[PDB]
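Enquirer: build me a model from this:
(one chain, ligands or ions: 3)
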Amino acid sequence: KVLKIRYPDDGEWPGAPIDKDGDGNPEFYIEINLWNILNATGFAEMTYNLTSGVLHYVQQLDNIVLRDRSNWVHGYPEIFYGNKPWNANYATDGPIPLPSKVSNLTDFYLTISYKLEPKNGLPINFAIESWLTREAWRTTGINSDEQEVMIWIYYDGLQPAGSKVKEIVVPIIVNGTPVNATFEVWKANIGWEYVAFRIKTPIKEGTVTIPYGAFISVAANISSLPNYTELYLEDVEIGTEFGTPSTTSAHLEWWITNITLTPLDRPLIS
Ligand SMILES: OC[C@H]1O[C@@H](O[C@H]2[C@H](O)[C@@H](O)[C@H](O[C@H]3[C@H](O)[C@@H](O)[C@H](O[C@H]4[C@H](O)[C@@H](O)[C@H](O)O[C@@H]4CO)O[C@@H]3CO)O[C@@H]2CO)[C@H](O)[C@@H](O)[C@@H]1O
Ligand SMILES: [Ca+2]
Ligand SMILES: [Ca+2]
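Expert: Numbers count the residues shown, from 1 in each chain. Ligands and ions are numbered 1, 2, ... in the order given. Next up is the structure itself:
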C-alpha cells in the first residue's frame, strides 16, 4: 500500500515506478535524483501512498560534497510521466501519449497540488520540465541539437541558466481562480539548448494548472534549433532542484497530492 525509496540505503540512485493497477506500465515514476551529490551525511526518503496518491519527500542532508560544482545544484528529487531520456525509467499509463513529436501532440493542461517546506533558506525551485529529443525513445542523454524546457512555479535563491530574454503572460489557474501570470523567459546553451520560464510571483503551495503549449510554443519560437517541430516531447517531470555550490546542508520536505494531465482539442504548438 506504500512505496518507499531511500538514499543512501537503496544506493546512490533510488527510484521506483508507481503502478497502482499492477499492469507493468507505470502511471508515474519517482526518483530521489541526487544527481550532483558525491557524498553527504543524512538521508532522503520518498514515499507514496498508493490509495491517497500522496507523494511525500523528506530530506536531511548535511556535509554535502558535490560531484561537479559547475553543475550548480545538488539534485532534483522528482516524479515524472513519459520517458525520462537520461535513463531507462518510464511511465506511460496516462491519457497523454508521451513521447510524441511536438507536431503531433495535443495541447494539455497540467494540474499539480503541492506544498513545499524548504528549511533555513535552502536555495530551491519547484520546476516542471520536459526534454525534447531527435529520437522517439531516448535513454542515453541529450545532444547539442536538442532542448530542455523548464517551468518554475516556485523559487527562492536560484536563477535559471543563461540570460533573460523576455517576459510573457500565461493564463494559469491558481487555487481555483484563473489568473494572468508573468513568466520570465531565460535561454542558455549548456550542451543543449535550455529555455526556462520562471514565474515572477512564486507559489509555495496550493493547486496550480498551466497550459503546457503556452510554454512549448514560446520555446519553439525562440529556439535556434533546426526543425524544432520534429522533436519529441519525451516527458513531463515535476520536482524541486535545490542547493548551490556553497550550500553544505539541505533540509527540505514537500508533498504532492495530485498530478493530472488533461488533453485539449488543439495542437501543442500555436
Ligand atoms: O553512474 C552512476 C549512475 O548513473 C546513472 O545515470 C545518471 C547520469 O550519470 C547523470 O548524468 C544523470 O543526471 C541528469 C539528471 O537525471 C537530470 O535530472 C538532470 O537534469 C538537470 C539538467 O541537466 C539541468 O540543465 C537543469 O537546470 O536541472 C535539471 C534538474 O536538476 O540532468 C543530469 C545530467 O546532467 O542522471 C542519470 C540517472 O538518471 C545511471 O542510470 C546508473 O545506472 C548509474 O549507476
Ligand atoms: Ca499501470
Ligand atoms: Ca527513460
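Enquirer: quick check, residue 30 in contact with residue 19.
Expert: No: here residue 30 does not reach residue 19: they are 11.3 Å apart, not a contact under CB atoms under 8 Å. (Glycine included, C-beta is placed from N, CA and C.)
Enquirer: what about the two, which has more around it?
Expert: More crowded of residue 30 and residue 19, by other CB atoms under 10 Å: residue 30, with 26 against 17.
Enquirer: would you report the backbone torsion angles of the closest residue to that one other than its chain neighbours?
Expert: Spatial nearest neighbour of residue 30, excluding adjacent residues (CB to CB, 6 or more residues apart in numbering): residue 79 at 5.0 Å. Backbone torsions for residue 79, taken as degrees, to the nearest 10, come to phi -130, psi 140.
Enquirer: residue 206 - that's part of a strand, no?
Expert: Yes: Residue 206: assigned to a strand according to DSSP: H, G, I helix; E, B strand; the rest coil.
Enquirer: may I have stretch 197-217 as CSV, with CA atoms only?
Expert: C-alpha atoms of stretch 197-217 as CSV (Å, rounded to 0.1, in the frame of the first residue of the first chain):
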residue,chain,number,x,y,z
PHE,A,197,10.1,30.1,-17.7
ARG,A,198,10.3,31.5,-14.2
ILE,A,199,7.1,32.8,-12.6
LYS,A,200,7.5,36.3,-11.2
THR,A,201,5.2,35.5,-8.3
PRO,A,202,6.4,32.2,-6.7
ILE,A,203,3.6,29.9,-5.5
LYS,A,204,4.9,27.8,-2.4
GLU,A,205,1.8,25.7,-2.0
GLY,A,206,-1.7,25.1,-3.5
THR,A,207,-3.2,23.9,-6.7
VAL,A,208,-1.8,25.2,-10.0
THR,A,209,-3.0,24.5,-13.5
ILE,A,210,-0.8,25.5,-16.5
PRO,A,211,-1.4,25.2,-20.3
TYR,A,212,1.6,23.3,-21.5
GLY,A,213,1.6,24.5,-25.0
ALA,A,214,1.9,28.2,-24.0
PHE,A,215,5.4,27.3,-22.8
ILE,A,216,6.4,24.9,-25.6
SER,A,217,5.2,27.4,-28.2
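Enquirer: who's in contact with residue 146?
Expert: 131-134, 192-193, 225, 231 (CB atoms under 8 Å, 6 or more residues apart in numbering).
Enquirer: hmm, 6 Å instead?
Expert: Contact partners of residue 146, counting by CB atoms under 6 Å, 6 or more residues apart in numbering, are 132-133, 192.
Enquirer: likewise residue 172?
Expert: 181, 210.
Enquirer: for residue 72, see how far away it is.
Expert: Residue 172 sits at a distance of 27 Å from residue 72 (criterion: CB to CB, to the nearest Å).
Enquirer: also residue 267?
Expert: 34 Å.
Enquirer: likewise residue 186?
Expert: 14 Å.
Enquirer: the more surrounded of the two?
Expert: Shown here are residue 186 and residue 72; by other CB under 10 Å, residue 186 has more neighbours (20 against 16).
Enquirer: pretty sure that one is touching residue 162, no?
Expert: Yes: Residue 186 is within contact range of residue 162, at 5.2 Å (criterion: CB atoms under 6 Å).
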